[PDB]
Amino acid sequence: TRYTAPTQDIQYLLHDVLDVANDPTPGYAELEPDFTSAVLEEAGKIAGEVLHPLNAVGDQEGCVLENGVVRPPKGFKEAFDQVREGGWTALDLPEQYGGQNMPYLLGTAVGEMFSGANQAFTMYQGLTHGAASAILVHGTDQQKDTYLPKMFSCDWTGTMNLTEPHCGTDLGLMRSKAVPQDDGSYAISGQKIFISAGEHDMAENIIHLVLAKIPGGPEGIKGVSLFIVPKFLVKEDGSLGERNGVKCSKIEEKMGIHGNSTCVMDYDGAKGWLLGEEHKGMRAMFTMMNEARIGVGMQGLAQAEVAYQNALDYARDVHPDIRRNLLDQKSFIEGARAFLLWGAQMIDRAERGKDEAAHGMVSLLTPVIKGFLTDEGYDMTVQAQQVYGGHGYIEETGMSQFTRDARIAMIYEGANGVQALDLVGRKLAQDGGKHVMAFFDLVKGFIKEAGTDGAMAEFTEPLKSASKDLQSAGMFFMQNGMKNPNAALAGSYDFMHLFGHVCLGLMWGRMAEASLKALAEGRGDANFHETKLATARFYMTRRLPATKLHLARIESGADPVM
């Protein structure tokens, strides 16, 4: 019902905590407070005044499919023009193809605001950004000159076409095919399901990235390639030619995000072009996973944020059960926003700084960003709906939509359980655990440096205790990883949440230390900083102790088989 962009909290994170204007990463020196302030207030105006009033409209209307045309909710198109016309869909993309090359950290902060105001709307440009990013990374110079300029501005949109009805979690079973043609292109045939924004009338062209097998390649995943398959073939001048052999043949009726079409896509000898290396389609997907995971983590946080604002309004129209509920929401949201943006900052250092240590740490942490933020974020939307009592169960109240939309973020882009197995079964073993050790040194380093201020001990000591639990958990996996992997993998989900709590506890440590220092120097509003110290204390004593529960569930071994 209302969305007020948390620009004050974001501005505090960027400058008091992440210290962006003095970060030596390329592009960060431009992020002066007046600049970031201006950008955030403009994006938050579009969020609160344009996107959010359409949120309930998209839930009420959904999408309609009429002879291969999909009409999104009334108003979505006009808001899509406004967002595009403002340059918002390529804040963080290279200037060569029309982007503004701002740091990904800032694209992510703006994206939280858009996604919270209206998740289903924001996925149209969110999915395009992901598809465009894959073409930037893997495209030939010709492919980037053909597709990126229109995709950066969302004149053209795009999306991924990965899985098939018979596949399941194993895309190495896919039956879609790509037959080489004498003109360099391929002809793609097959059927893809669960395609977000697979079809809609808000853009002149839709650029699909499709996984398919070139006949003759290795069996399973080792034979899958990636293809650019435009809805309308592009002519030499860049104008649109013939309708390509790709159509939405059905839209799904889903639990939520009704404003975002989900289709079955049919490919009937569609013209496409190899993206990346032949038979290395999944390699190409691997390189995109860090940002895709942060993007979905952001969605879950954003749902918690909007639901919490509206629960806090209802409460104000204090009760000790209500106060405890709202403080659980608020301490999670602000800790998770710090975790998200710190993650985004590290992507910038890995990508723009060519820093391999930042790249290793962020790749360890993104499954945690995705799984933890979407699970906790969903739980908070449920708790926010609970604040409304019986009114919370009525759809016109708006709260049910927040949970239902949040629900998909736990599922798509790698189901939370898959993120957990990847964390334990792939990420902990990278480079002899170097980046696991680095995260521990990070936590130990912060505890020892910040501990020189006695006022910080109230925060360093709960974090130290929580960090020993993560340390005790990483051990269980060092042993039983190979002597009883079933026991190791059974604890994966708990390990992901144990790690998640330590990450939020570290961020609360950092925010405590920054707000102490702003109080000691008289900077900023003194009530804001006192409120951060109280909210930090709440997280350390009320939420962080969950690490003991996750540890107990881990150190219990393999489950009974039955």
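Start at 1 and count along the sequence shown; that's the residue number.
Gap between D317 and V318: 10 or more deposited residues without coordinates. The stretch with the higher mean CA B factor, choosing between 541 to 549 and 18 to 26, is 18 to 26.
Of the two segments examined, 354 to 362 and 399 to 407, it is 354 to 362 that shows the higher average Cα temperature factor in the deposited entry. Among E334, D375, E242, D328, the highest C-alpha B-factor in the deposited entry belongs to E242.
Among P485, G111, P103, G392, the highest C-alpha B-factor recorded in the PDB entry belongs to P485. Remark: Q191 belongs to the highest third of its chain, ranked by C-alpha B-factor as recorded. Ranked within its chain, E305 lands in the lowest third, by CA B factor from the PDB record. The entry lists a Cα temperature factor for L504 that places it in the middle third of the chain's modelled residues.
Among the modelled residues of its chain, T535 has a C-alpha B-factor that falls in the lowest third according to the deposited record. Among the modelled residues of its chain, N55 has a C-alpha B-factor that falls in the lowest third, as given in the PDB entry.
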